[PDB]
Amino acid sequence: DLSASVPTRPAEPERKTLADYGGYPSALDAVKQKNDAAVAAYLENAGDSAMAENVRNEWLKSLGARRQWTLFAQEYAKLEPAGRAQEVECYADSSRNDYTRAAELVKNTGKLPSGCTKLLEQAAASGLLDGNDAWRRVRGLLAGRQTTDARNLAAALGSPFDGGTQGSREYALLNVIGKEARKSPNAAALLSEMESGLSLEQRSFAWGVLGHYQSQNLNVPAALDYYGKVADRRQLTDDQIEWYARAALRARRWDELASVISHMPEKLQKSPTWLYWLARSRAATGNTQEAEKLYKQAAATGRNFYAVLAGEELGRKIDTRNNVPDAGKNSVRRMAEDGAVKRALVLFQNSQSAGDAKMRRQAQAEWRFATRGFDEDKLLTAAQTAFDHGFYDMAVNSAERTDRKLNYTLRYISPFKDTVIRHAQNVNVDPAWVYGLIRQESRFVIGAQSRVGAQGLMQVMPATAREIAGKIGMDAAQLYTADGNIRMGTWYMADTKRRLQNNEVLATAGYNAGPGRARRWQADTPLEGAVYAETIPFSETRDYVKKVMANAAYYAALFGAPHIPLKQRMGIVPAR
């Protein structure tokens, strides 16, 4: 049975929370204005809230950048360790001259926040960076168009870009690894021609750049030829080696795939993706007991695309039966009275009544703050609390964070059923697919709005709303109402599917990236759905398709629809 234990942190009146949020935006602008007196005032008797934690984190990034180390250290002490932003941790550790985190951070080859970038340059300037990892990051920044970060890290390592030693060799290599130079019809020939006087590390990385470019363009033969020249695969960035694996996957080179995965950082090897595809490689070469071991490890990763596929390879069907009772209504009422939970619900309720989308976003921040480090039982009670208050996305937020206690009704909530079901049927698309899409797009937040402007439950772009509305005789502004949004989103699902050879995997990619891009990613042979999905060049769409289809399989099992394994829902994507 679920524990009835609920936290009882001190609560504040609804008026005080509203008054503190009244000044949250000004506190944030005060940080940007470097008005330290203003920020300290806002904070000095804030609640123990996400408002205070958010303002304090942003303040500390500004104090760290401004080297106000006395004030920094006083305020860093008021952050809860779980609530420290990464860049704040970086500034703190640089102030302590502690570069233990730098050994892990330096493994990241892309853009880092300023405090984290400086932490690495400081470690570099003291001798306390792994030199192999450090120069790998330099190259990764060079390939990544982060020339200035690359330059500063080369300089911090004692070999600047203008000093005639290693750093000038690496900078010179931009004629191969540059963003536009890697596209050259001659990139490989130049690399081959200057190959003999390059180090083993510089050569492996450079061949990885050329293979990575080819692999993301879906020129699989060209990519595998270039990746096959990489002598030390540890020198590849995480993106490079994953697109090696993706090239080997798309060409069904199972032995090469398994070898590539074994050269991945152990963290990548343990991801559901490479657990599952390693298992598939093993099973396809007949190493059946090694595959069964890996499928079990993938399946244990939880409620995700590859865990389900791995389960299906083990003969395990998705089972959406809860293994835990519903939360008792009394614990749900008590939970709403915990001071941190109550603060989140106050902001949420009042965002509805006041029509304040920013206030609703802070309600989410308070919710994640209030529930951070709840045990599985409190997480499930909180989930029902959120659901009983209409806070649909935070019910999913809390319910999906458990590992052993599974409430599928709360992980895969289905509000608005009689509406979503009818609009799906009206365009003859699977309502389990539509719910899967909504869950990923908006988490059932009717006023959701992405950075690029995608709107509402189904995250329809305003541009797209204008095409849809003219075709079906709507008003394009119906985009901003729940019913109009669902009608437009469901119609666009159906329409994109029709333009993409009626394939549901293509249509999901095309919903997010546009049908023209989804069509460009098809091969000249048919592809198994999950192979098409895992080799989508846009990381946003690649992650999106897998999550939508995984949600769709859970919803279909929940609704009691005729059983469709996820592997068959992925089907076969047709050749062009």
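From 1 onward, residues are counted along the sequence shown.
The mean Cα B-factor in the deposited entry runs higher for 73-81 than for the other of 424-432 and 73-81.
Of the two stretches examined, 119-127 and 250-258, the record assigns the greater average C-alpha temperature factor to 119-127. In this structure the maximum Cα B-factor among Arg182, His263, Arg411, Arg443 is found at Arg182.
Note on the listed residues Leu278, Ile241, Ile486, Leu112: the highest Cα temperature factor in the record is that of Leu112. Among the modelled residues of its chain, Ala38 has a C-alpha B-factor that falls in the middle third according to the deposited record. Ranked by C-alpha B-factor against the other modelled residues of its chain, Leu566 falls in the lowest third. When the modelled residues of the chain are ordered by C-alpha B-factor, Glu53 sits in the lowest third. For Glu504, the recorded CA temperature factor ranks within the lowest third of the chain's modelled residues.
Among all modelled residues in its chain, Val460 ranks in the lowest third by Cα B-factor.
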